[PDB]
Structures are given as C-alpha cells and as structure tokens.
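Okay, so here's the structure we're looking at.
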Amino acid sequence: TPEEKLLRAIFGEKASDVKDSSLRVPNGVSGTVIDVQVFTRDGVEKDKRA
Amino acid sequence: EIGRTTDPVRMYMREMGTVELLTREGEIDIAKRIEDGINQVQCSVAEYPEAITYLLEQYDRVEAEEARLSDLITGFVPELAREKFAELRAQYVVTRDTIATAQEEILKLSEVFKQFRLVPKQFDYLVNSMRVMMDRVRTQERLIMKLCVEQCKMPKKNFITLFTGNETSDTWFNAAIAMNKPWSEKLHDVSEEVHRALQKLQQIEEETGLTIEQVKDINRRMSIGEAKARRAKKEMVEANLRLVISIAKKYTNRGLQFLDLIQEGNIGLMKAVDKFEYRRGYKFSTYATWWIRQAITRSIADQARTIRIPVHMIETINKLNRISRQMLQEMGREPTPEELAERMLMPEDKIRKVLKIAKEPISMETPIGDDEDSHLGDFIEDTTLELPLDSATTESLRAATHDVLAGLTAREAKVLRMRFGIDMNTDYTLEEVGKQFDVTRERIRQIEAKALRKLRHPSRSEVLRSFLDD
C-alpha cells in the first residue's frame, strides 16, 4: 500500500518472507504440558525431538 | 394409457418399443439401399464439371506448398495418383475444348472421378457448391415468376405453357404485357427488373457452362438419394436403440444419468451407422458395440466431474486404481504409495500427485448431526475482508505521514509526493519528475537523500517509529 514504501525507505526495513502460523494456547486457559507426540511422513527426515 | 406417468424413462421405453428389431436379411437390404443411394448421389455430383474444377484447384493448391496430400483423396478405389490427376486434367481440358462430344466426355470424366476415392469434406464442398448454384437459380426463377405472375397478374396455365423450357428469353416478358388485357400494359417500370433478372440468369448460365433443366434434374435426384439414405439410417437407429440401451445399462452408477448415457449411446450408434460396411459379412452388433462403448466412456470421462480432468489422466487414475485393487486382493491388505512405484513405472512422485488430487467437492448444504439445524455452509468465513483495526491503523498512518510532510518545505513535499504514490492516482518515475521540475536526475537524487537524512534525524517522526508492532 502507499506510504509503506516511504516508511521502509526511512526505516530500511525488509518485509518478512514467511508468515507466522504457529500454534498457541487458547486464551483463558492454563495448564501443564504432560505429553508430546510427533508423527512424520515417510521420506521426510526426522528432527531431534523425533 | 397416454399418460398417468411422470418419469420420461417410461415414455422413452414406450416410444422405443413401438418399433421392432431387424434381422440379417433386413440389415443386408438396408445396406444395399444405402449403397444404391450413395452411388446415385455420387453419380449426380460427378456429372457436374465444377466438381472437377474444384478438384483441380485443390490439387494446384496442394502442389503450391499450401496443403498436404492427406486431405486430398482418401486412398483409392503416390505417382499413380499424380498420373491419374494429370489424366483427369487432360480429360477436363479436352472436354472444355469439345463443346456435341461435351456430354459424352463429361460422362467419361464423371466415371473417372467416381473411380477416385475423394475426401468426405471435398464431397460436402461439392454438394454445398451445387446447393449454392441451384439456390441462386431458383431465387432468380422465383423473382421471374413474382415479377409478372404475382405483379402483372398474368394467367397460370398460360405462364406454365410459355415458361416451361425457355426460362431465358422474353417469352414471359412481352407476352404478359402486349396481350390486350386492361391490366397488362402497366408494368414497363418493372420491365427493367425483368431485364435485370434475365441478365443475371444469363451470367449464371455462362458461369455454369450448362443448361438449367439438367441442373434441376441433378438437384432433385440427389435430394431423393439423400432422403432415401436418411430413411435407411433412421430405420437402422430405431432398430438398434435396444442394443444401445443394453450397452448403456452397465454405466448407470458412474456420476452420469441413465438418460444422458443412452443419449450418448444413440450418438455413438449414429456414428457407427455412418461408417458400417456389410461386405465383410460380420453382423452390425459387433461393429456398433465398439462405437457405443467408446462414446459412452468418452462422455463419462468428459462431463461426469465438477472439475474437468483430461482423458489420459483419467485413464492413468483408472489403471492405478485397478492395480491397487489387484495388489490388495493378491497380497492381503492395503499397500503403500512407495511400493506402488516398484509395481508400476513411475518416478514415485506422479503417484503421489495422483493420490493428492482432490476428490469430488463436499456439498455446501450437508448437515452435521442436529447442530440446531445448521449445515456446513454456516461455518465458512470470508478471508478477503480487512480488519477495522487495520483500516484505522492505515488512516492514522496516512494522517501522521501527511502531518510529517506538512512540516517539510514545499519543494521537498512536492518532490516526495511525486516520487511516491502519495495523494495521487499513480506515482511518477525519477526521470519524469526531474523533467517536470527542470532538475537533473542526480540533483533530484541528492535532494531526496538529504530529505531522507533529515527525516532519519532524531527528535522527529516519533509516532512513525512507534508505528512498528514488533
């Protein structure tokens, strides 16, 4: 949108290449994490937690 | 028993069963009638020289590197074809140079033409050119009859007697006027149109190179042949409707309606009838089944899904499903997509894409239990809308940037507004801005850099710095 190019020129900021879609706790509820399970598809390298 | 029903299937079944199926002898008789009609039409269309003229023109265009030999002749009844075409050209030129032998040489040329197996599109072009010329002739004739029979009010039988055969001279022109009746001498004004129609007929006759009565004879002869062929084909279709239905019975649960399937089968049956040959000795059902099933399957692959999928990809999906089913039956349980690559010949990603292809879409009005009588469409939200918080942030940023740009000098604000798409329909490039301001591009760049440095200087744009939410 207009004036955003001007704002970036003043601030020298770069636009994020990715978008935040992380999972977060619903509002108004608290608790403790007791179990974590990870499922992965065949052909995909597993990570340290897996 | 004409009514008391609503489903069109019953009425279709009644109309179809009103007729009775054929036998081998009837099929042979209908094939013989079709062949006779086709031969008569072929003779009638070969008896004209304009067919040979168009053949020679098309051959010349082919030889002029403008077409191919494929759409010239459909085989024969390629040096032999070239020599036959040269012989045909020689026959045509001697025919045009032999204007009482012209009729016999035209007959010989027609026989040689019938000895050639042309293309159906070429035959249709000849037929429609014949139709165009006969339509022009009949339009001229109807103008002729309207100019005196419907205008001079001259007698019916007298008109017939003095017009049957001549159609060219003033037999119907001066006689209708100078016959001492009180209503005859009043249309010398339309005598000019009569002369114009006569000139048009003379020009058409000169272009054709033949008479008119023979043209009419050929026209109605080929019309009779076409009517006979159409009647025979209609009889064949009405006889084989039962076979069409029997073949279409087995595809009733593949996303298409039974009526649609039987209509496609009827189309395929008509196509098969158009190309059936009885000289091979095989029955018509064997030849018609292939065409009917091909048409039905093509229709199913074409118009049975919300999102169209090509025929080759549909065949690939069907082959994959058949393999998977066979392997499941043979081995014992559902296999893995990785293992299908060993059985088939795939790079292991095409199978994944085929599996990832979306199925038929879910209905929007499907229900989910009771849910206070709510459907699936009540839980879908539009993602194209902008938040009112976002709109208010945008308005605030516009106000703040306007306030910040008011503080700068007038020239700086103008050059900024010109460089960026601010408060105008579109922005302007640095070169157009320099040209408008009568200032070199580098000086414009330096002034812009000074403005940017001054804006980067602190004790200003604090709200602009605060406009970051990170």
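Chain labels follow the order of the structure tokens: the first chain is A, the next B, and so on; residue numbering restarts at 1 in every chain, and ligands are counted from 1 in their shown order.
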
Distance filter 10 Å, only C-alpha atoms, chain A against chain B, as a PyMOL selection string:
chain A and resi 1-7+9-11+42-43

Take the residues from that selection and write them out as a PDB file, in the first residue's frame, keeping C-alpha atoms.
ATOM      1  CA  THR A   1       0.000   0.000   0.000  1.00  0.00           C
ATOM      2  CA  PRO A   2       1.161   3.607  -0.491  1.00  0.00           C
ATOM      3  CA  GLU A   3       3.369   5.366   2.077  1.00  0.00           C
ATOM      4  CA  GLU A   4       4.659   1.949   3.114  1.00  0.00           C
ATOM      5  CA  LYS A   5       7.455   2.226   0.552  1.00  0.00           C
ATOM      6  CA  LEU A   6       8.276   5.606   2.101  1.00  0.00           C
ATOM      7  CA  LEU A   7       8.151   4.120   5.609  1.00  0.00           C
ATOM      8  CA  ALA A   9      12.848   3.807   2.874  1.00  0.00           C
ATOM      9  CA  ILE A  10      13.026   5.822   6.094  1.00  0.00           C
ATOM     10  CA  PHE A  11      13.419   2.753   8.312  1.00  0.00           C
ATOM     11  CA  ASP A  42       7.770 -41.455   5.129  1.00  0.00           C
ATOM     12  CA  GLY A  43      10.617 -39.897   3.169  1.00  0.00           C
TER      13      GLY A  43
END

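Inside chain A, the residues DSSP reads as helix (DSSP H, G or I) when given the backbone are residues 4, 5, 6, 7, 8, 9, 10 and 11 of chain A.
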
Contact residues around residue 142 of chain B with only C-alpha atoms at 12 Å, ignoring same-chain residues under 5 positions, as a ChimeraX atom specification
/B:135-137,147-150,167,194,197,201

Shell of 10 Å around residue 108 of chain B, only C-alpha atoms, local chain residues under 2 positions omitted, as a PyMOL selection string
chain B and resi 46-47+88+91-92+95+102-106+110-114

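Proximity to segment 316-327 of chain B at 9 Å, evaluated using only C-alpha atoms and with sequence-adjacent residues fewer than 3 positions away removed, yields residues 311, 312, 313, 330, 331, 332, 333, 334, 335, 340, 343, 344, 351, 354 and 355 of chain B.
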
Can you write just those residues out, C-alpha atoms, as a PDB file, in the first residue's frame?
ATOM      1  CA  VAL B 311      -8.765 -38.371 -20.717  1.00  0.00           C
ATOM      2  CA  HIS B 312      -5.150 -39.512 -20.349  1.00  0.00           C
ATOM      3  CA  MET B 313      -5.085 -38.600 -16.655  1.00  0.00           C
ATOM      4  CA  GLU B 330      -3.462 -60.758  -4.040  1.00  0.00           C
ATOM      5  CA  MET B 331      -1.328 -59.692  -1.065  1.00  0.00           C
ATOM      6  CA  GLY B 332      -3.893 -59.228   1.704  1.00  0.00           C
ATOM      7  CA  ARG B 333      -4.198 -55.590   2.790  1.00  0.00           C
ATOM      8  CA  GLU B 334      -3.765 -52.005   1.624  1.00  0.00           C
ATOM      9  CA  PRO B 335      -0.276 -51.339   0.187  1.00  0.00           C
ATOM     10  CA  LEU B 340       3.344 -48.892  -5.992  1.00  0.00           C
ATOM     11  CA  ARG B 343       4.987 -52.480  -9.419  1.00  0.00           C
ATOM     12  CA  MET B 344       4.348 -49.674 -11.917  1.00  0.00           C
ATOM     13  CA  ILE B 351       1.632 -41.450  -7.999  1.00  0.00           C
ATOM     14  CA  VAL B 354      -2.448 -38.512  -8.436  1.00  0.00           C
ATOM     15  CA  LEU B 355      -3.292 -39.528  -4.868  1.00  0.00           C
TER      16      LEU B 355
END

Shell around residue 185 of chain B at 12 Å using only C-alpha atoms, local window under 2 positions removed, as a VMD selection string
chain B and resid 148 151 to 154 173 to 183 187 to 191

Find the spatial neighbours of residue 50 of chain A, counting only C-alpha atoms, within a cut-off of 10 Å - ignore same-chain residues fewer than 6 positions away - and output them as a PyMOL selection string.
chain A and resi 37-40

What does the distance between atom CA of residue 41 of chain B and atom CA of residue 56 of chain B come to in Å, to one decimal place?
20.8 Å
